[PDB]
Structure formats: structure tokens, C-alpha cells
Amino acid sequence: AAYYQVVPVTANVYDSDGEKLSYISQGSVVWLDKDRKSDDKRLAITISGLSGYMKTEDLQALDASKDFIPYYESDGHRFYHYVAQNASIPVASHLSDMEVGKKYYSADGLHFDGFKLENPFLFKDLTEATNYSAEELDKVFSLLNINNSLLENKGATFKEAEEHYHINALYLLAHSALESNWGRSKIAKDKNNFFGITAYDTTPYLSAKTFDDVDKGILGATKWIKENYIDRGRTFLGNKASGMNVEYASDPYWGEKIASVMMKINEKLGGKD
């Protein structure tokens, strides 16, 4: 088969030495890499920029004529990644080289046969501050019709987190937007945890960290990200090959999803970043 689906809750991706490089989520589709040797026990595969090996035990072959395979498609305005049959995210602007309504296939979401994507937020150094002020970040809730969010009017706590910990506030807003549904998840409301901290794939809600209030959740999650990711040399969102996505989340498109939110906010606030 050309495509394989991850069967267990998560599965490891290994190098040729058998060392763990990362892990990916149940349902993830990986591409068979025909330039490298596969055997009975391990397949050479690619996923979200990472070229390695997976145990055949963890995979199920798909048939692309009847099973969903992730793909990218232009509407003539934005290029979308279909990350699941019924969910698309906008990743870039339409390039004149894209045929409208044609499905395109890419292992990194950057290199395609007939064009290449800049996804600048995906690789943007997150220690650089946003050019958006507290008031500009706060205007995004109306501009995107975000209702009943615990993060409404917290632009000032985000810019404080950015001032004190040197982490990009537009990135902190986008990450909390994705992980907690803009501060509307049960974890968001119960534990002021907006970033999915220690919310492990095996038991996400049980292992989720508790913060005392919304402001301490923003500042406390920022301190955690700084100490566990930024300070250990994970300084951009990235994918399964590099950046925070190697270890932060099983979802191979976690970084792409956060970049997509940064892109949408940036566009609605006037393009200052």
C-alpha cells in the first residue's frame, strides 16, 4: 500500500538505529517511503516532515480510492489542509500555480510537485514579541465571533506573559485558542488550563494541570512552555521533524493548526506580524 493508518492510541516513529524520534496519534495517515528499505517488521514512512520507521504492528494499510487520505485544496483564496475527512484548516494564500478544487498531496505541507509554500508562523521564532497590543488582541474575539470565552479581555495578561517570559503573545493566544477551544473546554473552565498542560493522550483530563485563576493559568502555562520547550531549544511550532510539535502533541498537525490560527488572527487585525 502507499498509505498506512495508526491503530493504537499513539505509536512511536523510530530512526534506522531503533531510537524513538517522535510519536503520532491514532488515525494518523503515514506515507510509505519508496526510497528507503521496508521489511516484514518495519515500514519506512514519512509524516509531517519526519522520515523514519514504524512497527508494522502499529499500522493498517489503506486504499486511497475508498479510505480518507489527508490532502490540501485551494478555494481560489486560501489553501486548506483536510486533516480529517470533515475538518479543514487554512494554511496559506492561493498561489496562481494551484488549480481550484484539485486535491494535492504533501508530506510536510510545504513542498508540492508544482509549487512550494511559505508557512512562516510554523517556523517563526516564538521568543520574538507580537506587534499586536493588548487592545488589538482583545478586538479579535468580536472579529472572529468568539462568544463565552474565558480569554475575552485578557490581551493584557497575554502581553504581560510575553513581557516577563519572552514568548510571543499572538502564539500564546493561538495555542490556547486551539487547545481549549478559546478557553471554552471543560479543562479550561474546571482548571484554568488553556494549553493542554500534562493533558497526556492516555488520560487527558485526569493528568491536566490546575491553575488557581484565568490570569495565573495564562502566566503559569507560559512559564511551563518557557521552561519545558523554549529553554530546551524548542523555539518554533514546527512538525514531527523539529520544533515543539515533536514532543508537545501526538497530533502531527498540532503546529500547523496553531499557525493557521495565528494566520487568521493576523489577517483580521491588519497584518502587523
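Sequential numbering from 1, following the sequence displayed.
Stretches compared: 70-78, 105-113. Higher mean C-alpha B-factor in the entry: 105-113. The stretch 8-16 shows the higher mean C-alpha B-factor when 252-260 is compared against 8-16 in the entry. Going by the entry's values, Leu144 shows the largest Cα B-factor out of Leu144, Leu126, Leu178, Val83. Among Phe121, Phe158, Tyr200, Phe195, the highest C-alpha B-factor recorded in the PDB entry belongs to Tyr200.
The deposited CA B-factor of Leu219 belongs to the middle third of values across its chain. In the PDB entry, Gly233 places in the highest third of its chain by CA B-factor. When the modelled residues of the chain are ordered by C-alpha B-factor, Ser207 sits in the highest third. Among the modelled residues of the chain, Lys240 sits in the lowest third by CA temperature factor in this PDB entry.
Among all modelled residues in its chain, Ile89 ranks in the middle third by Cα B-factor.
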